[PDB]
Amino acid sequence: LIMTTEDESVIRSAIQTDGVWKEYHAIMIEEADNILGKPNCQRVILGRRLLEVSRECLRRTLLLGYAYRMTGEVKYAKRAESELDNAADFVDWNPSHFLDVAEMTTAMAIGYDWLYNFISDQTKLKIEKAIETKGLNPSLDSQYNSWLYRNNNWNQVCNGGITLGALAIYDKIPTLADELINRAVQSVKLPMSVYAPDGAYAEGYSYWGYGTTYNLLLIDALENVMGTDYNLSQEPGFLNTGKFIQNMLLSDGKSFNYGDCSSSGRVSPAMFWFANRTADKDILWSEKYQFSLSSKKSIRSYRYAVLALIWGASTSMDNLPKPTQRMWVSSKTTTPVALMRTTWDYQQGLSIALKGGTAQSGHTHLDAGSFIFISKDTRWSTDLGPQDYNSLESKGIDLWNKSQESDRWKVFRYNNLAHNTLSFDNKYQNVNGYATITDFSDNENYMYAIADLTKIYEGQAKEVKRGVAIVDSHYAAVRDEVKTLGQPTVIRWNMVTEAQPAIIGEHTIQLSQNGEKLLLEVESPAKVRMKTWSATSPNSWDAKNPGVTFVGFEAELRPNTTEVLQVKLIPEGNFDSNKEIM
């Protein structure tokens, strides 16, 4: 009857006092028109996966259906009904890879509910039976539903898709549907526990949308049909996970792209839900900027684009206050992060992101202790990000083994020799160590956080701590306290930069970028060998890294001694001359 996720009341997209929702809507109606001139997806298995067709059917169902619902032009409805009917006759939805079934079921669920009055009786029946026999019933088979007992995002997507389908046809199957809802409400607590206690998401910015979006489809649908979410939104830390994503976009408007994340943010539809339910325009400030930044194509391309309107068109995007909190931290979590800027005006002020963590979780690099330093519009200290699969997975595989000798860590972009952290005698980090944020402060003239990296370097050093600070909102300090073992060891302070480097002294490097300059000043230890390292791999499978250099220094440490490495990254201005306590 139009009940599941965009309720007939929630057609407040109709009001258009807001320039964002106006342009966003027009981007959708344009992409809806483009799918009109496009044939139905065929049933092609791509590497034992149907997932791309299932997302495309969902994406097209969302656009055509949202287009039809807002315009009335049955050219949209006839197109969608031709997609739904074509896919409802797919032999199966590839339960071998149950995400395929989860997203196809969601497509069928939303389409059937949004076009119910238009679609025909043959296609009503056909979708009802398709949902049940190709989606709902395979999920009862233990050959296919082992995600029910996992805490990964497969649990979120599959419990979400299966529930949406069951609710879409609730009146045709009420007691099966009741069993499925109860099962989803209990099983989905497993993935929701990774958000506790602060809303941190271990794998980071670019893996957060997929499972969080389906987690919110599930919550929104239960509220719409059952009138309650069964407290799922109250699971600890989940309501604050928007704030995590809000602060994971740093001052240059790009992501803290640790591990396999990509630096470019996007407009995140799930974000508008959290902004609307925590009554938080600060999320809207950050999302408004991502829209300001995004291209028309990336909004068109994104399979959940329509949800941005559904969840966000309730709030106006004009005159947003400026966010005032300058620091967001989470320590009791898989990948601890400390995220600080001096201002929420993007491309201004300073910002630092620091990360602890462990290499054993998903999509990791050997980057414990790594940081990001942005000044104004310049990310002076960066992270190379991933090298995408199969460009290595042909000759010498297991890019996903996490153990200490894994070939994964032998890829140039993945070990600590290529991130903004330490190494000892060119050795890899301890892949089993775990690090968090032991201390931090919000003091706006001295914002800082400290990470204990002792387990990160267990066989290499008796103790390692690192602090980062933004001093007097003007420059940055990185102070490492290292207690050595029994051997002389050569420590390497690494930093990944896109700036042009010059060694201008015996403990100073000067970097140039964007017409500006930054000083890399080394106050300790007393004697240091300034260095630059080629960011080009000697192995032909490692992607090339143009415009990138590694900068920093080497230092021989004495055994059984407490040594201190200390670096200041000084932008242009009028300041410095300070002390070295921490």
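Residue numbers here begin at 1 and follow the sequence given.
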Comparing mean C-alpha B factor in the record for 485-493 and 332-340, the higher one is 485-493
Ranked by mean Cα B-factor in the entry, 59-67 and 43-51, top stretch is 43-51
When the entry's CA B-factors for 367, 405, 383, 235 are compared, the highest one belongs to 405
Among 227, 161, 467, 199, the highest C-alpha B-factor in the PDB entry belongs to 227
Chain-relative C-alpha B factor for residue 150 (record values, thirds): the lowest
The third of the chain into which the C-alpha temperature factor of residue 73 falls is the highest
Residue 193: C-alpha B-factor third of its chain, per the entry, is the lowest
In terms of its chain's C-alpha B-factors, the third that includes residue 513 is the lowest
Quick tally, chain-level thirds of C-alpha B-factors: residue 551 sits in the lowest
